Amino acid sequence: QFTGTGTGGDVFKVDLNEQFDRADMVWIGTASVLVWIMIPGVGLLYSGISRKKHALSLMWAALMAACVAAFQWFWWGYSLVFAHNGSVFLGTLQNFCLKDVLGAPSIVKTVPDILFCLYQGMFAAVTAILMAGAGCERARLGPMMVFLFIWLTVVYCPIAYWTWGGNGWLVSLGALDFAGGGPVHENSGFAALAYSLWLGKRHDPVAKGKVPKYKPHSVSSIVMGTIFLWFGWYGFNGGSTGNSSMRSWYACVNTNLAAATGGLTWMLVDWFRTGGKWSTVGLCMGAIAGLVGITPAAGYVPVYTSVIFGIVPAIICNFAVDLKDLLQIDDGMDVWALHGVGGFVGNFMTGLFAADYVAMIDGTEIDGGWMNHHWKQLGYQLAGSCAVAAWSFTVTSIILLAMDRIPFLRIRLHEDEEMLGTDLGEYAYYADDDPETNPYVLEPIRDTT
Amino acid sequence: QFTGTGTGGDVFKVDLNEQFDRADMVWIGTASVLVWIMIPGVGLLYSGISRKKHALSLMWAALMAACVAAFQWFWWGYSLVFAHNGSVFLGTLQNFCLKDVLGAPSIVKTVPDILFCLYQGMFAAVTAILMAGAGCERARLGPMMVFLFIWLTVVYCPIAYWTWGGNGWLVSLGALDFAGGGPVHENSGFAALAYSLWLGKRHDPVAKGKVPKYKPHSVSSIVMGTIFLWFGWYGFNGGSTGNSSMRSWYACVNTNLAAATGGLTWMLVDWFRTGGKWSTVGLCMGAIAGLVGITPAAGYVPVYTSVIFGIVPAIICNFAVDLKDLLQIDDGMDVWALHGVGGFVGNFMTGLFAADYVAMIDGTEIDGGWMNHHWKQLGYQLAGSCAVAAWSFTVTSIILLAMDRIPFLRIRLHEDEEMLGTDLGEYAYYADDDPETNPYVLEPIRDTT
Amino acid sequence: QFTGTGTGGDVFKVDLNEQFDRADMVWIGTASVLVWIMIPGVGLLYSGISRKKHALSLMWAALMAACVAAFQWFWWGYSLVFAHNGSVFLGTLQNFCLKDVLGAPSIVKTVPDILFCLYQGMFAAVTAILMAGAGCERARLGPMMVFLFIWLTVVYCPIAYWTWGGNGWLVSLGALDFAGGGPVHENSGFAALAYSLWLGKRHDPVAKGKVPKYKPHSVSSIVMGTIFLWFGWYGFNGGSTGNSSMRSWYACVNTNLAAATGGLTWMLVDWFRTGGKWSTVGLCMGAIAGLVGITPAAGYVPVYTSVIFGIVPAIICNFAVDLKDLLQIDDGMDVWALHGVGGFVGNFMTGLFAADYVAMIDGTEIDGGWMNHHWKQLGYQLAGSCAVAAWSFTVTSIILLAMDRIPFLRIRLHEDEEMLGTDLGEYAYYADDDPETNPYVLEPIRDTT
Ligand SMILES: CCCCCCCCCCO[C@@H]1O[C@H](CO)[C@@H](O[C@H]2O[C@H](CO)[C@@H](O)[C@H](O)[C@H]2O)[C@H](O)[C@H]1O
Ligand SMILES: CCCCCCCCCCO[C@@H]1O[C@H](CO)[C@@H](O[C@H]2O[C@H](CO)[C@@H](O)[C@H](O)[C@H]2O)[C@H](O)[C@H]1O
Ligand SMILES: CCCCCCCCCCO[C@@H]1O[C@H](CO)[C@@H](O[C@H]2O[C@H](CO)[C@@H](O)[C@H](O)[C@H]2O)[C@H](O)[C@H]1O
Ligand SMILES: CCCCCCCCCCO[C@@H]1O[C@H](CO)[C@@H](O[C@H]2O[C@H](CO)[C@@H](O)[C@H](O)[C@H]2O)[C@H](O)[C@H]1O
Ligand SMILES: CCCCCCCCCCO[C@@H]1O[C@H](CO)[C@@H](O[C@H]2O[C@H](CO)[C@@H](O)[C@H](O)[C@H]2O)[C@H](O)[C@H]1O
Ligand SMILES: CCCCCCCCCCO[C@@H]1O[C@H](CO)[C@@H](O[C@H]2O[C@H](CO)[C@@H](O)[C@H](O)[C@H]2O)[C@H](O)[C@H]1O
């Protein structure tokens with residue numbers, strides 16, 4: 001009388017909760033709340049790190065992104081990823097507006113559809129604020145909200161379906177992605193790169209010549225953002241087992257250790273490159289790099305290897321940030337360097353260090369990586385990383401270029417039509433300017449001449 | 001040997017934990033921690049939104065309210081609501097100072113008394129900081145603490161008993177209030193209105209004529225407060241099932257969606273009313289309106305109806321804020337508009353959209369609302385809303401007026417006796433003024449002439 | 001086939017999770033996340049309370065301490081406390097780099113080693129930021145990180161083993177320490193005192209003569225730190241049962257009530273001592289005092305006695321702060337007064353109020369304290385308090401003095417060699433100075449003349 005389809009059965013005839021371990025459900029419910037607070041974590045981080053004055057407050061934009069993402073997910077985002085009648089590349093509209101989303105075992109069988117919807121919806125929201133942060137410079141809010149809705153639909157949801165969907169081709173191939181390093185981090189990173197290369201300011205003074213690599217808008221925002229991110233990451237990674245087993249807590253140990261060693265590695269790198277100074281910004285970026293790096297691996301690799309997921313992503317991401325000076329582009333490039341490069345590196349190394357005896361902690365069966373002489377695992381990881389980066393960069397490019405040719409949907413005004421943050425007899429007046437007291441978004445204005 | 005009364009049994013003879021599902025207990029324990037952080041959430045929100053400089057820091061006052069509320073609840077607050085020998089209108093002193101509060105099944109049978117005490121005590125504390133926030137302008141701290149203790153005792157505890165107590169008359173009548181929209185939001189809102197009409201400043205310059213509707217003290221405090229509130233609301237609503245069932249996670253999906261759609265609706269409303277600007281304050285107030293609106297409904301209504309609990313409260317509360325300009329009163333009116341009006345609207349609409357098949361997700365039995373052609377449900381909701389508003393407004397009025405006639409308990413000094421924030425030879429001196437560095441409350445001083 | 005040693009068994013032959021209640025594991029996993037956010041809680045608290053401008057940002061230093069502590073714990077910290085082949089005074093290197101830490105029942109049998117490692121590692125990190133905060137004035141970061149690593153190894157880990165280890169002598173003697181009042185609070189407090197007496201500035205102008213007792217750097221940081229601490233303390237104390245029983249929720253009620261009554265008591269004390277003012281700093285310090293006080297007792301004492309663990313530590317710690325004016329030393333003394341004195345007082349009073357019927361709520365067997373006419377319990381508590389204070393003060397002294405004689409490991413430069421916060425032709429230049437925008441630690445510089 002448990003149907004396994006639709007709502008899962010008739011609530012007046014069966015107790016749909018009997019299909020699940022109650023403790024499994026509580027941990028995934030708790031983990032969903034933890035991921036939610038990562039959303040303002042992202043907004044605080046990238047507002048504080050910025051080397052220029054964004055007119056849009058990214059702390060506030062995180063709440064905007066939480067609203068847009070939750071509506072998109074309810075509307076059809078959840079269905080396009082986690083419908084049960086998917087087609088290798090995408091889901092369907094079977095769960096449009098969460099129709100019949102209730103007590104059937106989800107793609108992750110240990111939790112019902114409705115709880116998996118709550119949990120996975122937080123991942124989409126985290127990705128939404130990463131994208132708004134990447135593309136925030138001189139953004140117009142109306143076009144940005146439309147962009148987020150579309151981008152979640154045709155960039156996030158296909159990549160997420162490939163990684164997590166019932167018939168997703170990356171699942172079937174054998175690619176490993178424990179907590180969504182592809183859909184969340186690598187995807188947003190390479191979409192950010194599309195923003196940088198197509199819409200970011202060229203020959204940017206903050207990135208041109210010998211300018212300071214770190215010039216933060218607000219160190220206290222960076223620290224608070226990193227606090228929220230690390231705190232929430234326990235749900236992000238620890239919840240990706242779908243259960244209450246000790247593999248969940250194993251993945252939390254790996255998460256903590258990769259962040260710790262990433263933070264120390266990046267700071268040590270900067271200590272050598274500067275000739276002896278201690279980078280406060282660097283420690284935080286290094287913790288994020290390690291957190292990103294361990295994301296595809298946390299439930300698959302032995303604890304002692306988690307330090308490598310801090311060390312190696314921190315080193316590589318540290319040097320990836322230097323490319324901003326070569327391109328002379330700042331906009332969007334921090335998100336690409338931490339999440340795009342970091343996610344690529346972590347996904348790659350999961351193919352090296354994944355171990356079948358770690359997955360088996362809760363009975364999960366995998367062939368393993370190079371730890372289990374499963375050599376082609378590395379090739380499965382590279383196939384996933386290249387497909388994510390290619391789809392994300394290409395489709396995000398198309399979206400941005402299409403909207404740029406529609407004057408009322410142009411996300412970022414062209415320089416020749418831009419007007420200095422003015423406000424609506426014969427003279428005009430300024431509406432300054434202090435985001436701490438201004439109740440309205442300082443929206444870019446188009447020139448009327 | 002499980003007695004079901006007093007402590008529940010002898011700990012040396014029985015394992016009182018065997019009466020409960022351990023996972024049910026863990027979720028309610030976690031949900032209690034989540035509600036606790038809503039307390040500073042309220043303080044940050046109303047400090048940041050204020051159109052005038054409150055001498056009392058509401059972020060700090062939230063910690064004060066957490067202290068006063070926890071002591072009151074232990075003293076007799078818990079007993080007056082959740083004693084097992086209640087009388088239709090109030091509990092008793094049987095659990096004075098938490099005497100014999102341990103392992104008997106609480107009014108919510110899935111958790112023991114001691115855990116239900118922890119959980120429900122957080123609701124009283126949230127209500128306490130809502131009240132301190134409503135009445136904070138020019139408040140004297142001593143009188144305010146006394147006021148909170150008394151107000152929790154004779155306003156909150158009776159209303160909470162009616163809504164949740166074992167023999168509460170609203171329970172017996174069939175009124176629905178999932179997570180305490182009456183005791184927390186509608187109650188504090190209409191008590192705030194009593195403060196506005198009796199003690200708030202009249203002909204207030206910030207509310208007189210064509211003044212800006214939004215003029216926030218601190219947008220970053222508003223955003224941080226909204227972060228804490230939304231984050232904590234998952235425990236507030238999700239924990240109100242009393243269990244680990246998937247109806248808990250259903251209610252979290254409803255909570256997230258109502259907040260999202262409320263935030264977007266309020267911002268869209270302001271976009272039309274302003275002629276095209278994006279209100280940063282408005283998005284946050286709209287999320288709160290949706291969170292308040294869904295509170296009586298989250299575990300009773302189908303997911304697709306949760307968007308209505310964002311849209312409709314956001315529209316109505318947006319226009320309710322305009323009444324500050326008609327009365328020319330600012331003090332206390334934001335709390336009334338969001339929690340009083342929002343809670344009334346949400347409680348009303350629960351009678352329309354409550355569905356027996358949603359309650360049945362965990363075996364809870366209800367007749368339903370208009371969704372189940374149970375037409376008189378709407379009348380049960382209006383009976384509860386009118387009783388809460390009438391009791392809260394009337395008794396809060398009486399408390400405020402009584403204390404106003406006692407010079408050492410007067411909460412707010414009269415203008416003729418007030419003295420400009422001075423400090424204790426022949427000349428007097430100022431003690432400025434910066435709440436960031438002043439270690440003492442800037443307490444109003446009575447004129448000695 | 002459950003071995004109870006090493007990894008606990010073969011994951012390919014047995015399900016190691018079957019040895020544990022899943023709900024017990026979820027609560028301890030959640031409690032671990034809660035303790036983690038106490039780490040920045042400490043950093044915010046002591047940065048905001050400071051009566052002088054620390055060059056090191058303690059909010060940021062909390063992230064540094066989280067990194068150093070997590071690596072030390074993985075390296076050998078966990079093994080030195082919780083290896084299964086311990087020797088009365090210390091553990092071993094059997095679990096070096098978390099080797100074979102998996103599914104054997106930990107010293108707390110209701111959870112496996114890997115989860116107990118995650119949980120107890122957060123306690124070590126909280127202690128690390130308490131120590132960095134105590135010794136932060138004019139600290140050099142390199143030496144400070146080395147100091148933290150060494151101090152965790154030879155001060156924290158022995159004291160923790162005595163209190164919690166399988167063969168720890170304080171366990172065997174019968175000393176009670178529910179949530180680590182000795183290892184975390186009393187230990188860091190008396191190590192802080194060693195910093196004060198050996199390295200703190202003497203005849204300090206902020207502590208000399210009739211200077212203000214409270215002169216906070218940032219009240220908003222104090223409040224935010226206290227928010228994080230109280231919020232996280234639910235995991236700190238509530239998780240120390242190791243299980244999902246209602247004794248966990250009993251301990252949360254005690255925790256909340258001690259904080260509430262501590263906050264009110266300290267503020268009332270200052271109200272009398274000042275002649276009528278309301279101390280905003282005092283309320284927060286009082287909540288911390290009550291939280292510290294209840295830490296050794298929360299799962300052992302009846303609820304109505306928890307108010308005494310707020311009142312008595314708040315009074316005594318309030319007067320302990322006055323000793324800064326007698327010594328004319330400020331550096332490190334707040335940590336000693338709140339955690340050293342508070343932890344001593346709480347540990348003492350646990351011997352008075354511990355009750356066997358409270359421990360028996362989850363089947364834990366103890367003789368009790370004076371509540372059960374077990375008179376020698378008080379002597380067991382004093383033996384633990386004196387051993388912790390003596391070991392912590394003495395070994396911390398030795399570490400600080402040894403490093404002070406090694407010029408590249410000197411934590412705090414001597415005044416004759418110190419140079420005013422300068423930066424690396426013929427003239428030198430300043431690198432000001434604003435921690436909100438400076439991406440580098442303002443590291444003390446040694447004089448080159
Ligand atoms: C910010 C703008 C917000 C716009 C969001 C749009 C909100 C409303 C979307 C309408 O969606 C459908 O409405 C139907 C009814 O109107 C539902 O059918 C329902 O019909 C029967 C009862 O009405 C039930 O038995 C069915 O299970 C149930 O699917 C259906 O589920 C739901 O998908
Ligand atoms: C299915 C996709 C449909 C669109 C296909 C068009 C592809 C053409 C190749 C790229 O063309 C360039 O794209 C830029 C980006 O649009 C334009 O820069 C313009 O737009 C940039 C982004 O706003 C600004 O930085 C520049 O100032 C401004 O010249 C630029 O003129 C245009 O030659
Ligand atoms: C900020 C100011 C703080 C003021 C708060 C007041 C704190 C003390 C209140 C006293 O409350 C009563 O004290 C009795 C003892 O003194 C307890 O009886 C107790 O008596 C026996 C043991 O003493 C037990 O078997 C009983 O169960 C137990 O109820 C009783 O429970 C408790 O309600
Ligand atoms: C059981 C209840 C016992 C009390 C019953 C008294 C009811 C009388 C009806 C209302 O009376 C008014 O109440 C106001 C509020 O008290 C007073 O305003 C006074 O108090 C206000 C609040 O502080 C200030 O705004 C005004 O300046 C100040 O005139 C006002 O004088 C008084 O005529
Ligand atoms: C910031 C600087 C970071 C420095 C931190 C140092 C990180 C690496 C430490 C090496 O630790 C050991 O490495 C061995 C292998 O290299 C492991 O043996 C392993 O050997 C077999 C597989 O290799 C397994 O069956 C064993 O269980 C397993 O203990 C062993 O566990 C582990 O303790
Ligand atoms: C196994 C332990 C090995 C070391 C044993 C040495 C024990 C000697 C007893 C204490 O000696 C004093 O220690 C202080 C602390 O070192 C020194 O103050 C020096 O160091 C202080 C801390 O930096 C500064 O405040 C002072 O300016 C500076 O004179 C001081 O000269 C020295 O007489």
# chains A, B, ... in the order shown; residues from 1 in each chain; ligands from 1
call {"tool": "interface_residues", "arguments": {"of": "chain C", "to": "chain A", "cutoff": "7 Å", "atoms": "only C-alpha atoms", "output": "short mmCIF file (atom, residue, chain, number, x, y, z; two decimals) with C-alpha atoms, in the first residue's frame"}}
result
data_model
loop_
_atom_site.label_atom_id
_atom_site.label_comp_id
_atom_site.auth_asym_id
_atom_site.auth_seq_id
_atom_site.Cartn_x
_atom_site.Cartn_y
_atom_site.Cartn_z
CA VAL C 11 32.55 -2.38 7.56
CA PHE C 12 32.25 -5.07 4.85
CA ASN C 17 25.75 1.81 13.23
CA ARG C 22 20.46 6.79 15.64
CA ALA C 23 18.69 9.60 17.52
CA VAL C 26 21.85 12.99 15.56
CA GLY C 29 26.08 15.68 15.69
CA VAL C 33 27.71 22.22 15.15
CA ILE C 37 29.77 28.68 16.66
CA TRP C 60 39.22 37.07 13.13
CA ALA C 66 39.44 27.09 14.83
CA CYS C 67 42.09 26.19 12.23
CA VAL C 68 44.96 25.58 14.69
CA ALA C 70 41.24 21.39 14.41
CA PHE C 71 44.69 20.46 13.10
CA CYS C 97 46.20 11.50 12.78
CA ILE C 114 34.35 9.34 15.05
CA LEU C 115 31.37 11.34 16.35
CA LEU C 118 33.93 15.69 16.16
CA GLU C 436 38.00 47.08 8.96
CA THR C 437 40.04 47.58 5.75
CA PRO C 439 44.09 42.99 4.81
CA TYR C 440 47.15 42.20 6.96
CA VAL C 441 47.61 41.58 10.67
#
call {"tool": "residues_around", "arguments": {"residues": "residue B:148", "least_positions_apart": "4", "cutoff": "8 Å", "atoms": "only C-alpha atoms", "output": "NGL selection string"}}
result
:B and (65 or 68-69 or 128 or 131-132 or 144 or 152)
call {"tool": "write_last_selection", "arguments": {"atoms": "C-alpha atoms", "output": "mmCIF file, in the first residue's frame"}}
result
data_model
loop_
_atom_site.group_PDB
_atom_site.id
_atom_site.type_symbol
_atom_site.label_atom_id
_atom_site.label_comp_id
_atom_site.auth_asym_id
_atom_site.auth_seq_id
_atom_site.Cartn_x
_atom_site.Cartn_y
_atom_site.Cartn_z
ATOM 1 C CA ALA B 65 14.171 40.000 27.561
ATOM 2 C CA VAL B 68 13.320 38.194 32.258
ATOM 3 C CA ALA B 69 11.266 35.729 30.208
ATOM 4 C CA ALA B 128 8.717 39.370 25.467
ATOM 5 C CA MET B 131 6.757 43.787 23.572
ATOM 6 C CA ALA B 132 9.960 45.457 24.762
ATOM 7 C CA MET B 144 10.123 47.880 31.676
ATOM 8 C CA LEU B 152 3.780 37.668 30.466
#
call {"tool": "select_by_dssp", "arguments": {"residues": "stretch 236-428 of chain A", "states": "strand (DSSP E or B)", "output": "PyMOL selection string"}}
result
chain A and resi 279+412+418-419+422-423
call {"tool": "write_last_selection", "arguments": {"atoms": "C-alpha atoms", "output": "short mmCIF file (atom, residue, chain, number, x, y, z; two decimals), in the first residue's frame"}}
result
data_model
loop_
_atom_site.label_atom_id
_atom_site.label_comp_id
_atom_site.auth_asym_id
_atom_site.auth_seq_id
_atom_site.Cartn_x
_atom_site.Cartn_y
_atom_site.Cartn_z
CA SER A 279 46.93 37.88 5.50
CA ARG A 412 24.34 45.96 -16.63
CA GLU A 418 25.09 55.03 -17.60
CA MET A 419 24.34 57.95 -15.28
CA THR A 422 21.31 60.41 -9.37
CA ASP A 423 17.69 60.71 -8.24
#
call {"tool": "residues_around", "arguments": {"residues": "residue C:99", "least_positions_apart": "5", "cutoff": "10 Å", "atoms": "only C-alpha atoms", "output": "JSON, numbers by chain"}}
result
{"A": [302, 303, 304], "C": [6, 7, 74, 75, 76, 79, 93, 94]}
call {"tool": "residues_near_ligand", "arguments": {"ligand": "ligand 4", "cutoff": "12 Å", "atoms": "only C-alpha atoms and all ligand atoms", "output": "JSON, numbers by chain"}}
result
{"B": [135, 137, 138, 139, 140, 194, 195, 196, 197, 198, 199, 200, 201, 202, 203, 204, 329, 331, 394, 395, 396, 397, 398, 399, 400, 401, 402, 403, 404, 405, 406, 407, 409, 410, 411, 412, 413, 414, 415, 416, 417, 418]}
call {"tool": "residues_around", "arguments": {"residues": "residue B:134", "least_positions_apart": "6", "cutoff": "12 Å", "atoms": "only C-alpha atoms", "output": "ChimeraX atom specification"}}
result
/B:42-43,45-47,49-50,54,56,58,61,127-128,144,148,187-197,199-200,330-340
call {"tool": "write_last_selection", "arguments": {"atoms": "N, CA, C and O atoms", "output": "compact mmCIF listing (two decimals), in the first residue's frame"}}
result
# COMPACT_ATOMS: atom_id res chain seq x y z
N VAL B 42 14.49 39.52 16.69
CA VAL B 42 13.49 40.58 16.86
C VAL B 42 14.17 41.89 17.24
O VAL B 42 13.87 42.96 16.69
N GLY B 43 15.12 41.82 18.18
CA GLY B 43 15.76 43.03 18.65
C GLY B 43 16.52 43.75 17.54
O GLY B 43 16.45 44.97 17.42
N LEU B 45 15.90 43.49 14.26
CA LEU B 45 14.95 43.96 13.26
C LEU B 45 14.39 45.34 13.63
O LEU B 45 14.48 46.29 12.84
N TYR B 46 13.83 45.46 14.83
CA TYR B 46 13.14 46.69 15.21
C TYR B 46 14.11 47.81 15.59
O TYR B 46 13.74 48.98 15.47
N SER B 47 15.34 47.50 16.00
CA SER B 47 16.34 48.55 16.14
C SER B 47 16.71 49.13 14.78
O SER B 47 16.81 50.36 14.63
N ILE B 49 14.96 49.07 11.88
CA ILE B 49 13.87 49.69 11.13
C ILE B 49 13.49 51.07 11.68
O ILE B 49 12.84 51.85 10.97
N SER B 50 13.88 51.40 12.92
CA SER B 50 13.34 52.57 13.60
C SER B 50 13.63 53.86 12.83
O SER B 50 14.75 54.08 12.36
N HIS B 54 16.29 55.43 19.14
CA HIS B 54 15.93 54.90 20.46
C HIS B 54 17.13 55.02 21.39
O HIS B 54 18.25 54.64 21.02
N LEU B 56 17.40 53.20 24.05
CA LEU B 56 17.62 51.81 24.43
C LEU B 56 18.02 51.00 23.20
O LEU B 56 17.33 51.02 22.18
N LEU B 58 17.96 47.88 21.17
CA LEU B 58 17.05 46.73 21.16
C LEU B 58 17.79 45.40 20.93
O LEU B 58 17.30 44.36 21.38
N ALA B 61 18.59 44.83 24.41
CA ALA B 61 17.35 44.56 25.12
C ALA B 61 16.84 43.15 24.88
O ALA B 61 16.12 42.61 25.72
N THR B 127 7.92 36.58 22.41
CA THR B 127 6.86 37.55 22.67
C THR B 127 7.36 38.67 23.58
O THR B 127 7.01 39.84 23.37
N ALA B 128 8.20 38.34 24.58
CA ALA B 128 8.72 39.37 25.47
C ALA B 128 9.55 40.42 24.71
O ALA B 128 9.41 41.62 24.98
N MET B 144 10.33 48.78 32.81
CA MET B 144 10.12 47.88 31.68
C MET B 144 10.25 46.41 32.08
O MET B 144 9.46 45.57 31.65
N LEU B 148 7.33 43.66 31.80
CA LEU B 148 7.42 42.40 31.06
C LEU B 148 7.00 41.22 31.92
O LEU B 148 6.28 40.33 31.46
N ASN B 187 -1.18 38.71 19.63
CA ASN B 187 -1.15 39.21 21.00
C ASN B 187 -0.17 40.37 21.15
O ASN B 187 -0.55 41.46 21.59
N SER B 188 1.10 40.17 20.78
CA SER B 188 2.07 41.26 20.90
C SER B 188 1.69 42.45 20.02
O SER B 188 1.88 43.61 20.41
N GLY B 189 1.13 42.18 18.83
CA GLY B 189 0.73 43.27 17.96
C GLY B 189 -0.32 44.17 18.59
O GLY B 189 -0.19 45.40 18.58
N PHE B 190 -1.38 43.58 19.15
CA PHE B 190 -2.43 44.41 19.73
C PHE B 190 -2.05 44.98 21.09
O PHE B 190 -2.58 46.02 21.48
N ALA B 191 -1.11 44.35 21.81
CA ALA B 191 -0.54 44.99 22.99
C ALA B 191 0.31 46.19 22.58
O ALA B 191 0.30 47.23 23.26
N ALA B 192 1.05 46.06 21.47
CA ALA B 192 1.80 47.19 20.92
C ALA B 192 0.87 48.35 20.60
O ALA B 192 1.20 49.51 20.87
N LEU B 193 -0.29 48.05 20.00
CA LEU B 193 -1.27 49.08 19.68
C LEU B 193 -1.74 49.82 20.93
O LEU B 193 -1.91 51.05 20.92
N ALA B 194 -1.97 49.07 22.02
CA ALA B 194 -2.28 49.72 23.30
C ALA B 194 -1.15 50.66 23.72
O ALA B 194 -1.42 51.77 24.20
N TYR B 195 0.11 50.24 23.55
CA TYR B 195 1.20 51.16 23.86
C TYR B 195 1.13 52.40 22.96
O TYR B 195 1.31 53.53 23.44
N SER B 196 0.90 52.21 21.66
CA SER B 196 0.84 53.34 20.73
C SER B 196 -0.22 54.35 21.15
O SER B 196 0.04 55.56 21.24
N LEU B 197 -1.44 53.86 21.41
CA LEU B 197 -2.57 54.75 21.64
C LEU B 197 -2.52 55.42 23.01
O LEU B 197 -3.00 56.54 23.14
N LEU B 199 0.58 55.52 25.26
CA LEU B 199 1.87 56.09 25.65
C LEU B 199 2.71 56.61 24.49
O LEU B 199 3.68 57.35 24.73
N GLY B 200 2.38 56.27 23.25
CA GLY B 200 3.19 56.71 22.13
C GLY B 200 3.11 58.21 21.94
O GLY B 200 2.12 58.86 22.31
N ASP B 330 4.20 57.03 15.67
CA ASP B 330 5.20 56.06 15.23
C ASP B 330 5.46 54.97 16.25
O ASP B 330 5.60 53.80 15.87
N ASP B 331 5.50 55.31 17.54
CA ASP B 331 5.95 54.38 18.57
C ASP B 331 5.03 53.16 18.65
O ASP B 331 3.80 53.30 18.74
N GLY B 332 5.62 51.96 18.61
CA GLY B 332 4.87 50.73 18.74
C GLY B 332 4.11 50.27 17.50
O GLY B 332 3.59 49.15 17.50
N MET B 333 4.04 51.08 16.44
CA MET B 333 3.09 50.77 15.38
C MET B 333 3.63 49.76 14.37
O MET B 333 2.83 49.04 13.75
N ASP B 334 4.96 49.66 14.19
CA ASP B 334 5.51 48.62 13.33
C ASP B 334 5.19 47.22 13.87
O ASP B 334 4.86 46.32 13.10
N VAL B 335 5.32 47.02 15.19
CA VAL B 335 4.98 45.71 15.75
C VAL B 335 3.50 45.41 15.55
O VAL B 335 3.13 44.29 15.20
N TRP B 336 2.63 46.40 15.76
CA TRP B 336 1.22 46.14 15.52
C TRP B 336 0.96 45.78 14.05
O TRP B 336 0.25 44.82 13.75
N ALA B 337 1.57 46.53 13.13
CA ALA B 337 1.28 46.32 11.71
C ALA B 337 1.75 44.95 11.22
O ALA B 337 1.01 44.25 10.51
N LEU B 338 2.95 44.53 11.63
CA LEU B 338 3.46 43.25 11.15
C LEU B 338 2.85 42.07 11.91
O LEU B 338 2.37 41.11 11.31
N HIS B 339 2.86 42.13 13.24
CA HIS B 339 2.44 40.99 14.04
C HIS B 339 0.96 41.00 14.38
O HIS B 339 0.31 39.95 14.32
N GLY B 340 0.39 42.16 14.68
CA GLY B 340 -1.03 42.22 14.97
C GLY B 340 -1.89 41.99 13.75
O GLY B 340 -2.74 41.08 13.74
call {"tool": "select_by_dssp", "arguments": {"residues": "stretch 24-141 of chain A", "states": "alpha helix (DSSP H)", "output": "NGL selection string"}}
result
:A and (24-49 or 58-72 or 78-82 or 113-134 or 141)
call {"tool": "closest_residue", "arguments": {"among": "B:101, B:385, B:314, B:180", "to": "ligand 1", "atoms": "only C-alpha atoms and all ligand atoms"}}
result
B:314
call {"tool": "closest_residue", "arguments": {"among": "B:328, B:306, B:318, B:381", "to": "ligand 1", "atoms": "only C-alpha atoms and all ligand atoms"}}
result
B:306
call {"tool": "atom_distance", "arguments": {"atom1": "atom CA of residue B:183", "atom2": "atom CA of residue C:305"}}
result
29.5 Å
call {"tool": "closest_residue", "arguments": {"among": "C:96, C:348, C:370, C:156", "to": "ligand 3", "atoms": "only C-alpha atoms and all ligand atoms"}}
result
C:370
call {"tool": "atom_distance", "arguments": {"atom1": "atom 2 (C, counted along the ligand's line) of ligand 3", "atom2": "atom CA of residue B:64"}}
result
15.0 Å
call {"tool": "atom_distance", "arguments": {"atom1": "atom CA of residue C:100", "atom2": "atom CA of residue C:121"}}
result
16.5 Å
call {"tool": "closest_residue", "arguments": {"among": "A:449, A:5, A:372, A:95", "to": "ligand 1", "atoms": "only C-alpha atoms and all ligand atoms"}}
result
A:95
call {"tool": "residues_around", "arguments": {"residues": "residue B:313", "least_positions_apart": "3", "cutoff": "9 Å", "atoms": "only C-alpha atoms", "output": "VMD selection string"}}
result
chain B and resid 262 286 289 to 290 292 to 293 308 to 310 316 to 318 338 341 to 343 345 to 346
